[PDB]
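This report refers to the structure that appears directly beneath it.
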There are 2 protein chains.
Amino acid sequence: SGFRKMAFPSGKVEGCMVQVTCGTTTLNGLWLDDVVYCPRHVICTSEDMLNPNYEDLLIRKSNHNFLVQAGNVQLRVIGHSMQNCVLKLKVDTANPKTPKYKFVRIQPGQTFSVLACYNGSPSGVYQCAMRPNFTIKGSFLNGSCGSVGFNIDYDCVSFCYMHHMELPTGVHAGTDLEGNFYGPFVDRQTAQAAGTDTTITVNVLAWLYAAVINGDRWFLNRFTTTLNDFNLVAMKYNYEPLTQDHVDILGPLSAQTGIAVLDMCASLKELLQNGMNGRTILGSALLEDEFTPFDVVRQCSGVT
Amino acid sequence: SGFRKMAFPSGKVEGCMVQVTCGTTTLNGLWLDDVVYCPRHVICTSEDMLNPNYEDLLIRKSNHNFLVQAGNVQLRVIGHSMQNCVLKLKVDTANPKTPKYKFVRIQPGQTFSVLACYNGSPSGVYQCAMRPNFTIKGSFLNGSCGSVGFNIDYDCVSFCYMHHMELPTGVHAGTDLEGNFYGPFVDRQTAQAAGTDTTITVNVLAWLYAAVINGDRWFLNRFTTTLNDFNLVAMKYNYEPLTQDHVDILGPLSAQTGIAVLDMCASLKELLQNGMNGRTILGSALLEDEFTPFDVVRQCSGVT
Ligand SMILES: Cc1ccncc1NC(=O)C[C@@]12CCC[C@@H]1C2
Ligand SMILES: Cc1ccncc1NC(=O)C[C@@]12CCC[C@@H]1C2
């Protein structure tokens, strides 16, 4: 028992972290096989940042200008290319620590662990969610660009995120491992509108099930609701509309606990309308939305 | 910017995790040099659990009865001994993945990362605090015993905790790496009183500084207080009494932000007396106490 915002063990990813320098800029790179991936803004200087001409800047760079260091050793760069907003530096040595891996594009509302790095060195690991508006509320300082987000299924690391930018609002933006930004963001030092965010309803429901499994039951009530009635409340409180697909994914939790998904929806409805009344659920005084139904099952059963 | 409940990267600890079996029981062990450490209750059966005679049970066990597996390989046990509530199994092979390490006894109120494991395999990593009453509110299921708590200073892992038990209340109890329980707990399946817990005041203050550094400022006010006046409020709200030693440790944060520690104490006093008024601080709707002043400085500066 007990429920925590658990991150995946970061070992397999730590062995992939390298430092990438180009001119004055140093950031993090991801070394997999004989390729190092990093944000393309490593080639910029402060004068470029407002609106960099990435193709033009990269043309002034040669393989020898990209300094790649895996802690103690220097990697020899034999090729460079820009794919979307990432640079792929072909090195002459395959990373001996390369785990089984996949590059995946996650959906908004899904969760992942971030291994925050500085100068190719890991400082910490935290679990977070891709917001419905494609931003992440992370912890990133200058130098952390290139730090990656990932999930682990047994021994295979699915890399889903690479950090690129902090918006003027202090929220974070990044790309998949093919360099495509999540959301409407561009890698420029400009004010950029992030979409209207919403709370990930399916995740809040999954977390309410985790609470029941672990003893916090005070919020359970004598009521039920419908998808339509619940979605009217979710609309008012800026929550993601719940669909039968979300009800379906909550099936194992509904089955384990015997609490019908719509009955849990009714508990959520009363919590949205009345608040917590100074009480807590799993150590939180708000409705947590960074645990997917998959995260709840995995943690509640001991999946390694 | 951004502030997260960050855990240390778990790589160095993952390479130390092994599986220990004795009879029907399987739990986790920590392999450092040529020694495997694990909770001594691995030698019990359900009939023993109410009040095991550990010395008597261990006498019925030989080196060959302790099955130690480091994932793929079986370790040869050449010695066994019980030190307090831990068993130390001498193996014929030193762990090639042994990092620089220390065994430390942490103080209540200090924080650390837990690498939750099952059958010698890591499932996740989370940051937590040793409560003033020596319990930890973790996430541990059956089989997680032997999972360890630790801190990392550059390349040296300081192991501070080994998980042993879940109290009837669902709170967790464990030992240092010499097998000494934190708190008054004994490794028996009995109801055991945990002391009256309190909120770690110095940590809440450190977290209020992290909030200011990262933009959340609404709670700052036109007031100041004294240690005596503040401690009267802390007494009423079951918070740890603040001392000049705590004020001293908050020095770097007071210096960085220009907010005198007693002025921050006055903001905390008003938050205790009035609540959050439906607002949040760093994504939380309560006063967070799992970040030490050291954690705040490390995270706010990018220490790897
Ligand atoms: C300073 C910082 C802190 C945390 N996370 C990211 C950053 N860096 C940036 O945002 C750099 C830029 C803006 C210009 C193009 C390139 C993305
Ligand atoms: C079942 C479980 C779940 C999570 N954390 C720990 C446990 N296990 C125990 O508490 C076992 C005992 C009680 C008897 C002696 C030995 C400590």
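Every chain in the structure tokens takes a letter, A first, then B, and so on in the order presented; its residues are numbered from 1, and the ligands are numbered from 1 following the presented order.
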
(message) Give me the residues near residue 198 of chain A as a PyMOL selection string, where near means some atom within 7 Å (using only C-alpha atoms) and where sequence neighbours in that chain fewer than 6 positions away do not count.
(response) chain A and resi 132+238-240

Writing out the chosen residues with C-alpha atoms as a short mmCIF file (atom, residue, chain, number, x, y, z; two decimals), in the first residue's frame:
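That gives us selection.cif:
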data_model
loop_
_atom_site.label_atom_id
_atom_site.label_comp_id
_atom_site.auth_asym_id
_atom_site.auth_seq_id
_atom_site.Cartn_x
_atom_site.Cartn_y
_atom_site.Cartn_z
CA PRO A 132 -3.81 18.47 -23.13
CA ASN A 238 -12.46 22.86 -17.62
CA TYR A 239 -11.97 19.08 -17.51
CA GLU A 240 -11.51 16.91 -20.60
#

(request) Name the residues, by chain letter and number, that sit within 10 Å of ligand 1 using only C-alpha atoms and all ligand atoms, and give them as JSON, numbers by chain. (result) {"A": [27, 39, 40, 41, 42, 44, 45, 46, 48, 49, 50, 51, 52, 138, 139, 140, 141, 142, 143, 144, 145, 146, 147, 163, 164, 165, 166, 167, 168, 170, 171, 172, 173, 174, 185, 186, 187, 188, 189, 190, 191], "B": [1, 2]}

(message) Please identify all residues of chain B having at least one atom at most 7 Å from any atom of chain A, considering only C-alpha atoms, and return them as number ranges by chain.
(response) B: 1-11, 14, 118, 121-126, 137-141, 170, 285-286, 302-304

May I have the residues from that selection written out with N, CA and C atoms, as a short mmCIF file (atom, residue, chain, number, x, y, z; two decimals), in the first residue's frame?
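Heads up, here's the output in again.cif:
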data_model
loop_
_atom_site.label_atom_id
_atom_site.label_comp_id
_atom_site.auth_asym_id
_atom_site.auth_seq_id
_atom_site.Cartn_x
_atom_site.Cartn_y
_atom_site.Cartn_z
N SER B 1 13.43 27.27 -14.74
CA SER B 1 12.32 27.39 -13.83
C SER B 1 11.42 26.13 -13.81
N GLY B 2 10.54 26.10 -12.82
CA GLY B 2 9.68 24.97 -12.53
C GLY B 2 10.28 24.24 -11.34
N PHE B 3 9.44 23.70 -10.46
CA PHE B 3 9.91 22.98 -9.28
C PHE B 3 9.17 21.65 -9.15
N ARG B 4 9.92 20.56 -9.13
CA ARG B 4 9.34 19.22 -9.10
C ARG B 4 9.87 18.38 -7.98
N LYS B 5 9.07 17.39 -7.50
CA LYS B 5 9.53 16.45 -6.49
C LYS B 5 10.45 15.45 -7.19
N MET B 6 11.68 15.87 -7.32
CA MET B 6 12.68 15.15 -8.05
C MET B 6 13.37 14.12 -7.20
N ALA B 7 13.58 12.95 -7.75
CA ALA B 7 14.33 11.88 -7.10
C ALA B 7 15.74 11.90 -7.70
N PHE B 8 16.72 11.31 -7.02
CA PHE B 8 18.06 11.17 -7.57
C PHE B 8 18.00 10.17 -8.73
N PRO B 9 18.90 10.28 -9.73
CA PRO B 9 18.93 9.25 -10.79
C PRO B 9 19.28 7.91 -10.13
N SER B 10 18.51 6.86 -10.42
CA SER B 10 18.64 5.58 -9.71
C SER B 10 19.62 4.56 -10.29
N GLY B 11 20.28 4.89 -11.39
CA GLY B 11 21.21 4.00 -12.08
C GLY B 11 22.23 3.27 -11.22
N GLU B 14 20.36 0.72 -9.15
CA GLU B 14 19.81 -0.38 -9.93
C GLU B 14 20.82 -1.51 -10.11
N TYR B 118 10.91 -5.29 -6.90
CA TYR B 118 10.15 -6.54 -6.66
C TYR B 118 10.95 -7.66 -7.28
N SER B 121 14.05 -6.65 -9.09
CA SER B 121 13.88 -5.77 -10.25
C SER B 121 13.26 -4.42 -9.92
N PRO B 122 13.89 -3.34 -10.40
CA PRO B 122 13.37 -2.00 -10.09
C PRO B 122 12.09 -1.65 -10.83
N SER B 123 11.05 -1.19 -10.10
CA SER B 123 9.80 -0.79 -10.76
C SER B 123 9.67 0.74 -10.85
N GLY B 124 10.27 1.49 -9.93
CA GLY B 124 10.18 2.95 -9.96
C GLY B 124 10.98 3.66 -8.90
N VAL B 125 11.05 4.99 -8.98
CA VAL B 125 11.83 5.79 -8.05
C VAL B 125 11.05 7.04 -7.65
N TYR B 126 10.98 7.29 -6.36
CA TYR B 126 10.26 8.46 -5.84
C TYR B 126 11.03 9.09 -4.71
N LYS B 137 6.03 7.65 4.30
CA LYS B 137 4.78 7.39 3.59
C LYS B 137 5.18 7.03 2.17
N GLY B 138 5.48 5.76 1.97
CA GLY B 138 5.99 5.29 0.69
C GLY B 138 4.97 4.54 -0.13
N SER B 139 5.46 3.76 -1.08
CA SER B 139 4.59 2.96 -1.93
C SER B 139 5.26 1.60 -1.99
N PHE B 140 4.82 0.70 -1.12
CA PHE B 140 5.44 -0.60 -0.99
C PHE B 140 4.40 -1.68 -0.92
N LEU B 141 4.50 -2.69 -1.78
CA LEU B 141 3.60 -3.84 -1.77
C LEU B 141 4.39 -5.05 -1.24
N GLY B 170 -0.79 1.39 7.22
CA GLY B 170 -0.33 1.59 5.85
C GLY B 170 0.84 2.56 5.72
N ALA B 285 -1.96 22.25 -3.30
CA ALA B 285 -3.00 22.94 -2.54
C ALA B 285 -2.76 22.81 -1.00
N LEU B 286 -1.65 22.19 -0.58
CA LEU B 286 -1.26 22.17 0.82
C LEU B 286 0.21 22.65 0.96
N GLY B 302 20.86 23.58 -10.50
CA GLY B 302 21.19 22.57 -11.50
C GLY B 302 22.31 21.63 -11.12
N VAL B 303 22.49 21.37 -9.81
CA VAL B 303 23.55 20.49 -9.31
C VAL B 303 23.37 19.05 -9.79
N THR B 304 24.37 18.51 -10.51
CA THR B 304 24.34 17.15 -11.03
C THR B 304 25.30 16.23 -10.27
#

(message) Set the distance at 8 Å and use only C-alpha atoms: which residues neighbour segment 87-99 of chain B once local chain neighbours fewer than 6 positions away are removed? I'd like the list as a list in words.
(response)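 Answer for this query is residues 12, 15, 16, 31, 32, 33, 34, 35, 36, 37, 38, 39, 40, 63, 75, 76, 77, 78, 79, 80, 81, 155, 156 and 157 of chain B.
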
Over every C-alpha pair, in sequence order, do a least-squares fit of chain B onto chain A and save the fitted chain as a compact mmCIF listing (two decimals) with C-alpha atoms, in the first residue's frame.
# COMPACT_ATOMS: atom_id res chain seq x y z
CA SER B 1 0.00 0.00 0.00
CA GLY B 2 0.78 3.70 -0.41
CA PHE B 3 0.61 5.65 -3.68
CA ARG B 4 3.45 7.83 -4.95
CA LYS B 5 4.26 9.91 -8.05
CA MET B 6 6.74 7.32 -9.17
CA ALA B 7 9.13 7.80 -12.06
CA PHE B 8 10.62 4.91 -14.09
CA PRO B 9 14.13 3.80 -12.97
CA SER B 10 16.45 6.07 -15.01
CA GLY B 11 19.49 3.76 -15.33
CA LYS B 12 18.98 2.75 -18.95
CA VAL B 13 18.63 6.43 -19.92
CA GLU B 14 21.59 7.66 -17.82
CA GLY B 15 23.90 5.45 -19.94
CA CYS B 16 22.68 7.32 -23.06
CA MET B 17 23.32 10.88 -21.78
CA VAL B 18 26.09 12.86 -23.44
CA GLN B 19 27.20 16.53 -23.57
CA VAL B 20 27.02 18.43 -26.87
CA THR B 21 28.90 21.68 -27.46
CA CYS B 22 28.87 23.87 -30.56
CA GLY B 23 30.62 27.20 -30.18
CA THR B 24 29.60 28.75 -26.84
CA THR B 25 26.48 26.63 -26.29
CA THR B 26 26.49 23.37 -24.32
CA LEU B 27 23.41 21.19 -23.92
CA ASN B 28 22.51 17.48 -23.58
CA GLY B 29 22.45 14.83 -26.29
CA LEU B 30 21.03 11.32 -26.44
CA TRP B 31 23.46 8.67 -27.59
CA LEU B 32 21.74 5.59 -29.08
CA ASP B 33 23.65 3.17 -31.35
CA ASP B 34 26.05 5.36 -33.42
CA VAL B 35 23.81 8.49 -33.34
CA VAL B 36 23.65 11.43 -30.89
CA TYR B 37 20.37 13.37 -30.89
CA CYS B 38 20.11 16.91 -29.54
CA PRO B 39 18.02 20.09 -29.96
CA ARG B 40 19.15 22.02 -33.06
CA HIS B 41 19.34 25.33 -31.10
CA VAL B 42 22.80 24.16 -29.84
CA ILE B 43 24.10 25.89 -33.07
CA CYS B 44 22.67 29.33 -32.14
CA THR B 45 24.16 32.38 -30.40
CA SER B 46 22.07 35.03 -28.51
CA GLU B 47 21.83 37.22 -31.66
CA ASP B 48 20.12 34.32 -33.52
CA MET B 49 17.62 33.32 -30.77
CA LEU B 50 14.81 35.78 -31.76
CA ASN B 51 14.39 34.06 -35.15
CA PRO B 52 17.31 31.74 -36.03
CA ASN B 53 17.90 30.74 -39.65
CA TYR B 54 18.68 27.13 -38.69
CA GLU B 55 19.54 25.94 -42.22
CA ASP B 56 21.96 28.88 -42.64
CA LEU B 57 23.53 28.41 -39.21
CA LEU B 58 24.04 24.67 -39.73
CA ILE B 59 25.78 25.33 -43.08
CA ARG B 60 28.52 27.24 -41.17
CA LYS B 61 29.09 24.08 -39.03
CA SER B 62 31.27 21.07 -39.76
CA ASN B 63 31.41 17.63 -38.01
CA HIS B 64 34.47 18.83 -36.01
CA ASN B 65 32.60 21.83 -34.55
CA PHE B 66 30.20 19.51 -32.62
CA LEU B 67 32.06 18.44 -29.49
CA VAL B 68 30.41 15.35 -27.98
CA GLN B 69 31.57 14.06 -24.62
CA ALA B 70 30.24 10.98 -22.81
CA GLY B 71 31.61 12.09 -19.44
CA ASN B 72 35.21 10.96 -19.76
CA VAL B 73 35.43 10.17 -23.50
CA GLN B 74 35.20 12.29 -26.61
CA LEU B 75 33.12 10.89 -29.46
CA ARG B 76 34.29 11.35 -33.06
CA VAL B 77 31.59 13.02 -35.19
CA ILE B 78 31.46 11.54 -38.75
CA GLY B 79 28.14 13.07 -39.88
CA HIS B 80 25.55 15.72 -39.00
CA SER B 81 21.99 16.38 -40.15
CA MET B 82 18.95 18.28 -39.08
CA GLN B 83 15.61 16.49 -38.95
CA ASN B 84 12.87 18.97 -37.99
CA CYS B 85 14.10 20.63 -34.68
CA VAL B 86 16.71 17.96 -33.77
CA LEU B 87 20.26 17.41 -34.93
CA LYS B 88 21.49 13.85 -35.48
CA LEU B 89 25.24 13.53 -35.11
CA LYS B 90 26.58 10.31 -36.50
CA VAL B 91 29.50 9.12 -34.33
CA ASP B 92 32.13 6.43 -35.14
CA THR B 93 31.30 4.44 -31.97
CA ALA B 94 28.04 2.76 -31.04
CA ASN B 95 27.02 3.34 -27.41
CA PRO B 96 27.87 0.12 -25.58
CA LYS B 97 25.16 0.98 -23.03
CA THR B 98 22.38 1.25 -25.66
CA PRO B 99 19.22 -0.37 -24.31
CA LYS B 100 16.34 -1.80 -26.41
CA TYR B 101 14.47 1.35 -27.44
CA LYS B 102 11.73 2.90 -29.56
CA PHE B 103 10.95 6.50 -30.51
CA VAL B 104 7.30 7.22 -29.77
CA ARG B 105 4.98 10.16 -30.14
CA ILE B 106 2.82 10.26 -26.99
CA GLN B 107 -0.73 11.58 -26.87
CA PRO B 108 -1.71 14.53 -24.67
CA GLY B 109 -2.82 13.30 -21.23
CA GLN B 110 -0.24 10.48 -21.24
CA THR B 111 2.56 10.41 -18.64
CA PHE B 112 6.36 9.86 -18.69
CA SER B 113 9.54 10.31 -16.65
CA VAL B 114 12.03 13.06 -17.34
CA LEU B 115 15.72 12.61 -16.59
CA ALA B 116 16.81 16.22 -16.01
CA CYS B 117 20.46 16.63 -17.14
CA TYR B 118 23.09 19.45 -17.18
CA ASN B 119 26.29 19.22 -19.28
CA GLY B 120 25.49 15.58 -20.08
CA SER B 121 25.12 14.71 -16.35
CA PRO B 122 21.89 13.53 -14.71
CA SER B 123 20.67 15.62 -11.76
CA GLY B 124 17.26 13.98 -11.10
CA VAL B 125 14.17 12.14 -12.32
CA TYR B 126 10.50 13.09 -12.03
CA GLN B 127 7.20 11.85 -13.41
CA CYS B 128 5.02 14.27 -15.35
CA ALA B 129 2.17 14.46 -17.89
CA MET B 130 1.94 15.86 -21.37
CA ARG B 131 -0.76 18.52 -20.82
CA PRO B 132 -3.81 18.47 -23.13
CA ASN B 133 -2.30 21.70 -24.64
CA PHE B 134 1.02 19.87 -25.37
CA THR B 135 3.11 21.68 -22.72
CA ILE B 136 4.81 20.04 -19.73
CA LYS B 137 5.14 21.65 -16.26
CA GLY B 138 8.67 20.48 -15.64
CA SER B 139 11.79 21.62 -13.84
CA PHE B 140 14.29 22.86 -16.39
CA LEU B 141 17.04 25.47 -16.04
CA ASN B 142 19.45 26.77 -18.77
CA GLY B 143 21.62 23.83 -19.94
CA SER B 144 18.84 21.23 -19.39
CA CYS B 145 17.87 21.30 -23.12
CA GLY B 146 18.30 17.84 -24.64
CA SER B 147 17.08 16.12 -21.42
CA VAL B 148 14.58 13.41 -22.43
CA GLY B 149 11.20 11.99 -21.45
CA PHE B 150 10.55 8.27 -21.65
CA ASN B 151 8.55 5.19 -20.57
CA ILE B 152 9.83 1.64 -19.94
CA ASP B 153 8.03 -1.58 -20.90
CA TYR B 154 10.10 -4.36 -19.15
CA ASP B 155 13.49 -3.77 -20.89
CA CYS B 156 12.53 -1.47 -23.81
CA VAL B 157 12.81 2.32 -23.38
CA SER B 158 10.25 4.29 -25.43
CA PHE B 159 11.64 7.81 -25.79
CA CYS B 160 8.80 10.27 -26.20
CA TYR B 161 10.16 13.69 -25.33
CA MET B 162 13.25 15.89 -25.77
CA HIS B 163 13.32 19.22 -23.96
CA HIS B 164 13.83 22.38 -26.02
CA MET B 165 12.25 25.47 -24.55
CA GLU B 166 10.82 27.39 -21.63
CA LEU B 167 7.93 29.64 -22.68
CA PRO B 168 7.72 33.21 -21.21
CA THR B 169 5.16 31.71 -18.75
CA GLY B 170 7.69 29.22 -17.31
CA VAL B 171 5.94 26.20 -18.86
CA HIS B 172 7.98 23.79 -20.96
CA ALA B 173 7.90 22.79 -24.61
CA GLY B 174 9.69 20.10 -26.60
CA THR B 175 9.66 17.60 -29.40
CA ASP B 176 9.35 13.87 -30.12
CA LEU B 177 12.73 12.12 -31.05
CA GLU B 178 12.15 12.95 -34.73
CA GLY B 179 12.31 16.71 -33.81
CA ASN B 180 8.59 17.45 -34.19
CA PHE B 181 7.32 19.84 -31.53
CA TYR B 182 4.40 18.79 -29.43
CA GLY B 183 1.88 21.61 -29.82
CA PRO B 184 2.11 24.74 -31.93
CA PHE B 185 5.53 25.78 -30.63
CA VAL B 186 8.55 26.84 -32.66
CA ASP B 187 12.15 26.92 -31.35
CA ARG B 188 12.38 30.75 -31.26
CA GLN B 189 12.80 33.17 -28.32
CA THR B 190 9.36 34.68 -28.81
CA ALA B 191 6.10 34.89 -26.86
CA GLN B 192 4.00 31.95 -28.00
CA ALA B 193 0.38 31.14 -27.20
CA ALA B 194 -0.17 27.76 -25.51
CA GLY B 195 -3.70 26.39 -26.00
CA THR B 196 -6.35 26.53 -23.26
CA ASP B 197 -5.40 23.69 -20.90
CA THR B 198 -7.87 21.27 -19.28
CA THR B 199 -7.57 18.70 -16.48
CA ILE B 200 -7.09 15.11 -17.76
CA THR B 201 -10.39 13.58 -16.50
CA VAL B 202 -9.55 9.86 -17.16
CA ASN B 203 -6.38 10.34 -15.03
CA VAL B 204 -8.24 12.00 -12.16
CA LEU B 205 -10.67 9.06 -12.19
CA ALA B 206 -7.76 6.57 -12.28
CA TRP B 207 -6.26 8.41 -9.24
CA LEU B 208 -9.62 8.24 -7.40
CA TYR B 209 -9.49 4.43 -7.89
CA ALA B 210 -5.86 4.36 -6.52
CA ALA B 211 -7.18 6.30 -3.51
CA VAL B 212 -9.96 3.73 -2.87
CA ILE B 213 -7.51 0.79 -3.27
CA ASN B 214 -5.17 2.41 -0.74
CA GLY B 215 -7.74 3.42 1.92
CA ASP B 216 -8.84 7.00 1.10
CA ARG B 217 -12.62 6.48 0.68
CA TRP B 218 -14.31 9.57 2.22
CA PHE B 219 -15.24 10.97 -1.23
CA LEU B 220 -17.34 7.90 -2.23
CA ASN B 221 -21.05 8.80 -2.21
CA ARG B 222 -24.68 7.50 -2.67
CA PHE B 223 -24.83 8.89 -6.25
CA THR B 224 -24.30 7.98 -9.86
CA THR B 225 -24.34 10.08 -13.06
CA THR B 226 -24.30 9.70 -16.89
CA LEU B 227 -21.56 10.62 -19.45
CA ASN B 228 -23.78 13.55 -20.59
CA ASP B 229 -24.50 14.87 -17.09
CA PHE B 230 -20.87 14.43 -16.03
CA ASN B 231 -19.59 16.15 -19.23
CA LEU B 232 -21.71 19.22 -18.46
CA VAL B 233 -19.85 19.50 -15.07
CA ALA B 234 -16.48 18.74 -16.74
CA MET B 235 -17.26 21.55 -19.23
CA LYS B 236 -17.88 24.08 -16.39
CA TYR B 237 -14.73 23.03 -14.52
CA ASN B 238 -12.46 22.86 -17.62
CA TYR B 239 -11.97 19.08 -17.51
CA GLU B 240 -11.51 16.91 -20.60
CA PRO B 241 -14.82 15.41 -21.84
CA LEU B 242 -15.09 11.75 -20.79
CA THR B 243 -15.79 9.21 -23.56
CA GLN B 244 -16.62 5.46 -23.63
CA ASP B 245 -12.93 4.89 -24.65
CA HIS B 246 -11.89 6.48 -21.29
CA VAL B 247 -14.57 4.37 -19.48
CA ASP B 248 -13.10 1.29 -21.26
CA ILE B 249 -9.53 2.00 -20.15
CA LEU B 250 -10.81 2.37 -16.53
CA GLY B 251 -12.30 -1.16 -16.77
CA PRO B 252 -9.62 -3.07 -14.79
CA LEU B 253 -9.87 -0.55 -11.89
CA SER B 254 -13.67 -0.63 -11.98
CA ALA B 255 -13.38 -4.47 -11.92
CA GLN B 256 -10.83 -4.67 -9.09
CA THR B 257 -12.73 -2.28 -6.78
CA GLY B 258 -16.29 -3.02 -7.78
CA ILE B 259 -17.00 0.71 -8.24
CA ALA B 260 -18.73 1.39 -11.55
CA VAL B 261 -16.95 4.10 -13.60
CA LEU B 262 -20.09 6.32 -13.63
CA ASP B 263 -20.36 5.99 -9.84
CA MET B 264 -16.71 7.21 -9.58
CA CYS B 265 -17.69 10.01 -12.05
CA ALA B 266 -20.41 11.03 -9.54
CA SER B 267 -17.80 11.23 -6.73
CA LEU B 268 -15.66 13.43 -9.00
CA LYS B 269 -18.70 15.60 -9.84
CA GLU B 270 -19.40 16.22 -6.10
CA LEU B 271 -15.65 17.01 -5.50
CA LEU B 272 -15.67 19.52 -8.38
CA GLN B 273 -18.88 21.15 -7.10
CA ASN B 274 -18.04 21.16 -3.33
CA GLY B 275 -14.24 20.98 -3.16
CA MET B 276 -12.24 18.92 -0.67
CA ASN B 277 -13.70 20.68 2.43
CA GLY B 278 -10.16 20.97 3.87
CA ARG B 279 -9.52 17.22 3.45
CA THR B 280 -6.89 15.28 1.45
CA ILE B 281 -6.75 12.31 -0.95
CA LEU B 282 -3.49 10.32 -1.23
CA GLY B 283 -1.59 13.22 0.38
CA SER B 284 -3.01 15.81 -2.04
CA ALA B 285 -5.36 18.73 -1.40
CA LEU B 286 -6.32 18.97 -5.13
CA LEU B 287 -7.50 16.48 -7.78
CA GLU B 288 -4.32 14.89 -9.24
CA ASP B 289 -4.24 14.25 -13.00
CA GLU B 290 -0.67 12.87 -13.57
CA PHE B 291 -1.51 9.19 -13.14
CA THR B 292 -3.00 7.31 -16.07
CA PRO B 293 -5.19 4.23 -15.51
CA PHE B 294 -2.09 2.24 -16.74
CA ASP B 295 0.09 3.92 -14.11
CA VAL B 296 -2.40 3.05 -11.39
CA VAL B 297 -2.60 -0.67 -12.34
CA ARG B 298 1.23 -0.95 -12.73
CA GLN B 299 1.91 0.69 -9.34
CA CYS B 300 -0.92 -1.10 -7.49
CA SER B 301 0.30 -4.54 -8.69
CA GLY B 302 4.12 -4.17 -8.55
CA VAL B 303 4.99 -4.31 -12.28
CA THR B 304 8.79 -4.15 -12.76

Among the residues of segment 72-298 of chain B, find those DSSP assigns to strand (DSSP E or B) from the backbone and print them as a CSV table (one decimal) with C-alpha atoms, in the first residue's frame.
chain,number,residue,atom,x,y,z
B,73,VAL,CA,23.3,-14.9,-12.6
B,74,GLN,CA,23.3,-16.9,-9.3
B,75,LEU,CA,25.7,-15.6,-6.6
B,77,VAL,CA,26.9,-17.6,-0.7
B,78,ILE,CA,30.1,-18.2,1.4
B,79,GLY,CA,28.9,-16.6,4.6
B,80,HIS,CA,25.8,-15.3,6.5
B,81,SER,CA,25.3,-13.2,9.6
B,82,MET,CA,22.7,-11.2,11.2
B,83,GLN,CA,23.5,-7.6,12.3
B,86,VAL,CA,19.6,-7.1,8.5
B,87,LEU,CA,21.3,-10.2,7.1
B,88,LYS,CA,24.7,-9.9,5.5
B,89,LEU,CA,25.4,-12.6,3.0
B,90,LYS,CA,29.0,-12.8,2.0
B,91,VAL,CA,29.2,-13.8,-1.7
B,100,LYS,CA,31.4,4.7,-4.4
B,101,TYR,CA,29.1,4.4,-1.3
B,102,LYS,CA,28.6,5.1,2.4
B,103,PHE,CA,26.0,3.8,4.9
B,111,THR,CA,14.8,13.5,2.4
B,112,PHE,CA,15.9,10.7,0.1
B,113,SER,CA,14.9,8.7,-3.0
B,114,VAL,CA,13.5,5.2,-2.8
B,115,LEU,CA,14.1,2.7,-5.6
B,116,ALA,CA,11.0,0.4,-5.3
B,117,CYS,CA,12.0,-3.1,-6.3
B,118,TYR,CA,10.2,-6.5,-6.7
B,121,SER,CA,13.9,-5.8,-10.2
B,122,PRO,CA,13.4,-2.0,-10.1
B,123,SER,CA,9.8,-0.8,-10.8
B,124,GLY,CA,10.2,2.9,-10.0
B,125,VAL,CA,11.8,5.8,-8.1
B,126,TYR,CA,10.3,8.5,-5.8
B,127,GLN,CA,11.5,11.1,-3.5
B,128,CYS,CA,10.2,11.1,0.1
B,129,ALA,CA,11.0,12.3,3.6
B,136,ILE,CA,8.0,7.0,5.7
B,148,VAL,CA,16.5,1.0,-0.4
B,149,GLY,CA,16.6,4.7,0.2
B,150,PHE,CA,19.6,6.8,-0.7
B,151,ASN,CA,21.1,10.2,-1.6
B,152,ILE,CA,23.9,11.0,-4.1
B,153,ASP,CA,26.7,13.5,-3.6
B,156,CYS,CA,29.0,8.7,-4.0
B,157,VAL,CA,25.7,6.9,-3.0
B,158,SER,CA,24.9,7.3,0.7
B,159,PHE,CA,22.5,4.5,1.5
B,160,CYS,CA,20.2,5.6,4.4
B,161,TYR,CA,17.2,3.3,4.3
B,162,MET,CA,16.2,-0.3,3.8
B,163,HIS,CA,12.5,-1.1,3.7
B,164,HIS,CA,11.2,-3.8,6.1
B,165,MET,CA,7.6,-3.3,7.1
B,166,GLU,CA,4.1,-1.8,6.6
B,172,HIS,CA,6.2,2.3,6.3
B,173,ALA,CA,9.0,1.4,8.6
B,174,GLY,CA,12.6,0.4,8.0
B,175,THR,CA,16.2,0.4,9.1
B,181,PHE,CA,15.2,0.5,12.8
B,199,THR,CA,5.1,18.9,9.7
B,239,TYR,CA,4.6,21.9,13.1
B,281,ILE,CA,1.7,27.1,-4.6
B,284,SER,CA,0.1,22.1,-4.5

(request) DSSP on the backbone, then: every residue of segment 46-266 of chain B marked helix (DSSP H, G or I), written as a PyMOL selection string. (result) chain B and resi 54-59+63-65+201-213+227-236+244-249+251-257+261-266
